[PDB]
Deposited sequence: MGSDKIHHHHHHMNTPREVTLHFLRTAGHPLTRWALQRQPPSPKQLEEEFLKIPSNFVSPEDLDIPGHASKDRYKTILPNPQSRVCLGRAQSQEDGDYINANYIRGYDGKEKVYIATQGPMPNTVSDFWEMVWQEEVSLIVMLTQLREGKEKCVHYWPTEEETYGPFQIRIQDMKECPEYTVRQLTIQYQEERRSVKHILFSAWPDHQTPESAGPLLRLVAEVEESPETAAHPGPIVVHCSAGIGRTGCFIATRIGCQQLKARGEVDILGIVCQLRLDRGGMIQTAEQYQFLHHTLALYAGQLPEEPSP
């Protein structure tokens, strides 16, 4: 029962850290390495997905969306011949459902699928994590059509650590705003240069105006949709926990992310960086 073993661990593991312990007596680097190694991947095998031809829509053969939380494309706006995108709904703070969608960066052949997801899920914020040297330019310079959708850029603002683009997406009579944040200087399998810029990115997300009665998920993506995406989501949830409760269970956060999409947070170094980042955020709280 390895699957039962995996699920049991992920559903029950935890290591609560008070604000004090996080700042002043955190687990040692060796303890964090051993802890990280114990967390199961919850990767799905090709056998657990019965979606013909999905492989042409995956950037990586072994990184697949867990079927239980996979975003299914209903094709309400198109005639495309299946439902597949490599993306999962991700729970947020306190287990709130569908706070995020974690997904891979679109491939040339999945750009239309990506925008179809953005429309279907009523997404108004996209967070893109990348490095300068690296993913396709799936948004236009001025205006472009992707399948049935017209996308226009209304504004572009360069901040020290990220670029904010204000886009609109239109289908027939309806046009919606979408804020797009591109955070560069985050290399694959590595951490950001320091935590400051990451926390400013999280604040930028937080301050993003919400209009909808039932806010759609925030799309977060990077090349594979698991390492950097998981670090970003875990950071935001950890900040929310610290602010609301004055403690954070980082092991628990990572376990819950893995239930939602296998493999979230790729390296022990990234896991240790989460502890560093959150210790920094803790100092900002009253």
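Unmodelled regions of the deposited chain sequence (numbering from residue 1, in sequence order): 1-14, 149-152, 305-309.
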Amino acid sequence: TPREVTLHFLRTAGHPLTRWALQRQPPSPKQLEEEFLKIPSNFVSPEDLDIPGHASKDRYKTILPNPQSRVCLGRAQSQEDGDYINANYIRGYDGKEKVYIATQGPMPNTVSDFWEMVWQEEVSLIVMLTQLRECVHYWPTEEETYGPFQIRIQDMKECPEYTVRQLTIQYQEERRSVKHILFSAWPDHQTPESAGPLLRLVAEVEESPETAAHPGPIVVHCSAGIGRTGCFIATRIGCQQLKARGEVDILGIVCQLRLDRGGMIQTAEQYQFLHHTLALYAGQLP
From here on, numbers count along this sequence of modelled residues.
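Between 33-41 and 213-221, the higher mean Cα B-factor belongs to 213-221. As the entry records it, the average C-alpha temperature factor is higher for 137-145, out of 171-179 and 137-145. Between the residues 198, 101, 126, 159, the entry's highest C-alpha temperature factor is the one at 159. Of the candidates 230, 238, 53, 65, the PDB record gives 53 the highest C-alpha temperature factor. Placement of the Cα temperature factor of residue 275 within the chain: lowest third of the modelled residues, per the deposited record. Sort the modelled residues of the chain by CA B factor and residue 26 lands in the highest third. In this PDB entry, residue 58 carries a Cα temperature factor that places it within the middle third of its chain's modelled residues. Per the PDB record, residue ranking by Cα B-factor puts residue 202 in the middle third of the chain. Compared with the other modelled residues of the chain, the Cα B-factor recorded for residue 252 ranks in the lowest third.
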